[PDB]
Amino acid sequence: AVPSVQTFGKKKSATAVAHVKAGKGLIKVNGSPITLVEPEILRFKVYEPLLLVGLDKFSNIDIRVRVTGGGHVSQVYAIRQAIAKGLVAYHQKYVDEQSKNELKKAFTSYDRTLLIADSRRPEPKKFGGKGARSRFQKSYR
Amino acid sequence: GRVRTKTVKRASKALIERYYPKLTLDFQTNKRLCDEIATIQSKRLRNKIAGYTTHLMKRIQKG
Amino acid sequence: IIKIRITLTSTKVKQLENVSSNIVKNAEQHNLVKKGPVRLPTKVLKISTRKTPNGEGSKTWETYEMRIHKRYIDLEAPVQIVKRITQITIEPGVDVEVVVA
Amino acid sequence: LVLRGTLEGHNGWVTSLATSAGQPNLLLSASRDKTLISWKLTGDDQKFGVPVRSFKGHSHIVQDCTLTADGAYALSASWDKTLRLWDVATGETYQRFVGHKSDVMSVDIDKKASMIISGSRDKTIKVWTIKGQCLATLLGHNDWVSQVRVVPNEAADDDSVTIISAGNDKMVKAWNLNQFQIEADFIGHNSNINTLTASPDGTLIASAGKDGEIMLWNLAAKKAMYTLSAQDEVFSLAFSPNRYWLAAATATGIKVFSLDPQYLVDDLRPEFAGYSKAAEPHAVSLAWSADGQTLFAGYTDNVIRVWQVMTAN
Amino acid sequence: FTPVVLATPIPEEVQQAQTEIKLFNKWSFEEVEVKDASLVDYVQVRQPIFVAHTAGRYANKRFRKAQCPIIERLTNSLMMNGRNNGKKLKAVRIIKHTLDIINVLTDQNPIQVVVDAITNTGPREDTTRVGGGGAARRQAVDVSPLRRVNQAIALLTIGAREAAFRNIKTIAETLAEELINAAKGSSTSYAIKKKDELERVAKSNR
Amino acid sequence: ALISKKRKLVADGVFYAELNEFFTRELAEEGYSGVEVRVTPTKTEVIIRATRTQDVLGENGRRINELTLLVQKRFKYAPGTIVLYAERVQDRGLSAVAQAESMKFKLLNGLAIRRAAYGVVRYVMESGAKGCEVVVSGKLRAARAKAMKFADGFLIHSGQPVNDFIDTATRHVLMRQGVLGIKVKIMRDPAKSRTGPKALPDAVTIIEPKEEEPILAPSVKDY
RNA sequence: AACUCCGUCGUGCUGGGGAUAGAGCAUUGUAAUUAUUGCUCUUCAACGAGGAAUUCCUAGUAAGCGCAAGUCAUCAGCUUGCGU
RNA sequence: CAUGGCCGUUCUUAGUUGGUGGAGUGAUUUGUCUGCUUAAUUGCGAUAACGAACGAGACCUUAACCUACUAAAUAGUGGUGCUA
């Protein structure tokens, strides 16, 4: 009954949630098409999961992504995190597992953290400076 | 900076000299044994104790 | 029967979780629908004083924290058993309020 | 007894293999990487088989796996103190078994899929229903129950089921589920008993462990028959179903023992490229095929090796 | 090329050039090659990328920045002098405009023009300082292959920044002018004038 | 009610600190060591941790009925909604607050500093402590201040186990020459600890194995 | 908020910069003069990248960018944190 | 510059001290070290020292992982009604 997988993708505060169900082939982000994700110079960043494995694989599935948090650049890195995980986890459940490795091999060999979210996290500020490492200027006389 | 200290090192030698024919050469089933044959306060320490135990056994069965 | 709600607030994790455990244990001793413990996000109350009296020395700062843990359980019960379960589980450090409806 | 290739696709030690009598080319393997993989054997020298479905959902090492006779249902025993009942098709879990206080080391099911037995590291053995109900706790070991097996009863379906439960306490115990009581006790293992098995007919008991020895027993007779020596720490143990052979997984290689007469069939040492003598990969799981011509051996190479019997001339 | 139709249109110019070859913005990483040995394994044009925006960890090891593609190492060096720090989405636009302008003035592959600029404008013999006591004499030394790539990107983007500063021509065009005039040894570029000046100083001090 | 829990839980803290400083000042001569409040419906109750309860509980109910009024007058409680109990002390040889007041009042009777302080450290060691340390700092016998420290056993002061096994107390003793400072640190051993951790974090105990029989008599025993 | 897109400007101390100053309207306050602060129009200074010196910094760091809290009735060009 | 308490600093480092034995008339010394190693008096070892104690580490908080457990109209998601 309506074979569907939900998954998530993350970058730095952002959490995109993907809803990968079987269907006709609409790929919509926040209710709007994937062709409208607009920093418009990172528009191809949501396009690598659609082009590394080929556009044919999306002809029978439906994608619906919602993002919150993060920034304009951090969110763009979060849809592609969720699209890639949303297709390899669809294939783990509803089609042959041999095909899952072939797509997992494609994304990992081009790893811009499509499947594995990076562990770089902000360092806390300290006293005596305006940043984590930066210190105030000292005067010495 | 991976030097074990005399808490981990001295405990592991004492744990081999009386439990030698119970410990394997595998870490994952050595740390499960360290919960039974020893009382160690923190999870971080018994992973360090069982890891050095597993390292010592690899050079016991060599010589 | 009546719809009730019990709200628990404390600064001690160990003293609060067992009180909520006694609440639910008395809840299925004589069975009734739970709507069990929904833990609210913990509140960290920060006070950042400097370090010192008078401002001599390096400008060193402290931060002090009080942690507020809050839990509410939404029960329904006959009127009789309400008072006894609200009075048995009384422990120092845990503040319990019961909303009638 | 020659190999025609390997199986790749696991990222950890392949801890247990299990095959089904129904489908002769359906192999189920559970590994250290918290997953189970159901394969499809093709009989090709380059790729003897391919994976078709991965069963993920265990939080830690999956120590033992078993199939049913018809191969539709699968059981997984894992270190997360739970057991899971899987559908081999569509990869979902119907029932989760909970109640062990420690790691679950083994799982077995009877032929009629009525009771499920499970050894553990909590020194207890629990008998489960098909809907996740724990019937009784067959305590009585003094250490970790390293592996359990259910003995296949004799013909005409007599109502008497016995299970055999090795442990680190150096006793093999035969249990009686008709009364949930201990039936027989076997004494004489001088080290940890890693593995044990039973004959297809359900009379022989073979058990082995750390000392480098295998002891054959007779549950029908309740006498120990004799012991062998393998000079290597014994990991797994498997009876051939029709050839009347006993396969043993050792630290050095697969040693196949014939008992009529008493001699060694073969000592299987695969060719490993790029390792040293001390860092020698070894088999930690054995499974004879249902038809009886093929044995499988999961390794610490994270790679399943396939051996099938062939007459020399 | 047998286009695929689906509920989201995904316009025709997108998948036609990208399903089979993963190009640049629209540019090819095929038939581009480092003409100068001792800069192979330090100029990375071997794994193609779509845009020069790769949130990659290249600082955590000594030589991992060599595996960063050199187009991103030019967008990284544009975010400089303070008011432009952390403004990478502006730097990709400049580079996207630069490779379009480079193709217009000379009809070769603009990726190839960049590699020609890097291979030329790296110093080949540099000078270090020997203190002793007093006069602090200089000593001529060699220069690493990695530092040659590190300094060539430095000199090119500094020269484009200084040329475009109080000028009506944009930073994209002056970066294009600097890269074209450095692909040949024209000595009308900031980097080539700098490179042979550093080399002739070391020649005196050898 | 009608107060946020952030202001409610903080106000409970400052109420406790005001009560504690009151009883240190008031029951100084009775060896007071602490309080705890039990905020219950129907008469929230207060327990006083003082050694000589026969002095804290005065003649015929005085000297604690007085203190019951003093608390409910100052904190605007309804009458009868607060009661004051006095259970004595759990092992007064191991409380640093009680042993600092003992050190303070021994000084005010004109005891020598080295004798009053070695009589406190040896009492705490007699009480099953693993280590304690007493510091006296001030103008001891001269016009220029010095600091004398008296120790026995061992003390750990490194980390989280300080919050577990160290009890500290500071007291200002008022003398003819000026003010002396009293600091008492007591490290109760973790073996007799009832709650929380019962050992130092880097303490490992190996369970001694029982030796077995080699041959083990290969045979079967049946039922 | 920086940022992104489209347009106006066009190498000119210019539509950069907004110091100094004039007139009005409000807000907090018992009270605003020695402008508390906010807003509207007008006024349009130096400053064209800073000598000897000298500070901080090794990765989600430096730097850019704002936001909350402390102080508070009103006043943040400061600090303590936080994210982009 | 008569003090208590608090704080800064020496001091972003690895340092400090008993007991018994040995050396020296003694102040003191050895232990606490040639070498190698470590962020570390961290270890391997050497050894007139042996066995110890504080500091370092261990510890606690916090940030990263969990398609695992416990369930949430004060957090969501999907279907279902009604409806644009």
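Note that chain A is numbered according to Swiss-Prot, with residues 3-143 shown in order.
Backbone N, Cα and C define each Cβ position, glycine as well.
Per Swiss-Prot, the feature ubiquitin cross-link maps to A:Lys30, A:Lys47, A:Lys59; the stated evidence is a large-scale study or a structure entry. The phosphoserine annotation in Swiss-Prot covers A:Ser34, A:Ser61, A:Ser76, and the record cites a large-scale study or a structure entry as its basis. Marked as phosphothreonine by Swiss-Prot on the basis of a large-scale study or a structure entry: A:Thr70. As annotated by Swiss-Prot, region 'Disordered' applies to A:123-143. The annotation compositional bias 'Basic residues' is assigned in Swiss-Prot to A:134-143.
Listed in sequence order, A:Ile36, A:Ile65, A:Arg66, A:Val67 are the same-chain residues six or more apart from A:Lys30 (ubiquitin cross-link) with CB atoms under 8 A from its CB. Separating the Cα atoms of A:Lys47 (ubiquitin cross-link) and A:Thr70 (phosphothreonine) is a whole-number distance of 17 Å. Listed modified residues: A:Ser34, A:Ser61, A:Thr70, A:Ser76; maximum Cβ neighbour count within 10 Å falls on A:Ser76. A sphere of 10 angstroms centred on the C-beta of A:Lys59 (ubiquitin cross-link) encloses 17 other C-beta atoms. Neighbours of A:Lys47 (ubiquitin cross-link), defined as other CB atoms within 10 A of its CB across all chains, total 21. Here the Cα atom of A:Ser61 (phosphoserine) is found 18 Å from that of A:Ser34 (phosphoserine). Each residue contributes its Cα atom, and for A:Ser76 (phosphoserine) and A:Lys59 (ubiquitin cross-link) those atoms are 26 Å apart. In sequence order, the recorded positions near chain E, meaning those of A:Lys30, A:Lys47, A:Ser61, A:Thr70 whose CB lies under 8 Å from a CB of that chain, are A:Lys30, A:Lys47, A:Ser61. DSSP assigns A:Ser76 (phosphoserine) to a helical segment in the three-state reduction. Under DSSP, the residues of the region 'Disordered' (A:123-143) split into helix, strand and coil as follows: 0 helix, 0 strand, 21 coil. Taking the Cα atom of each, A:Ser34 (phosphoserine) and A:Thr70 (phosphothreonine) are about 15 angstrom apart. Spacing of A:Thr70 (phosphothreonine) relative to A:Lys59 (ubiquitin cross-link) is 27 Å (Cα to Cα, whole number). According to its DSSP assignment, A:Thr70 (phosphothreonine) is in a strand.
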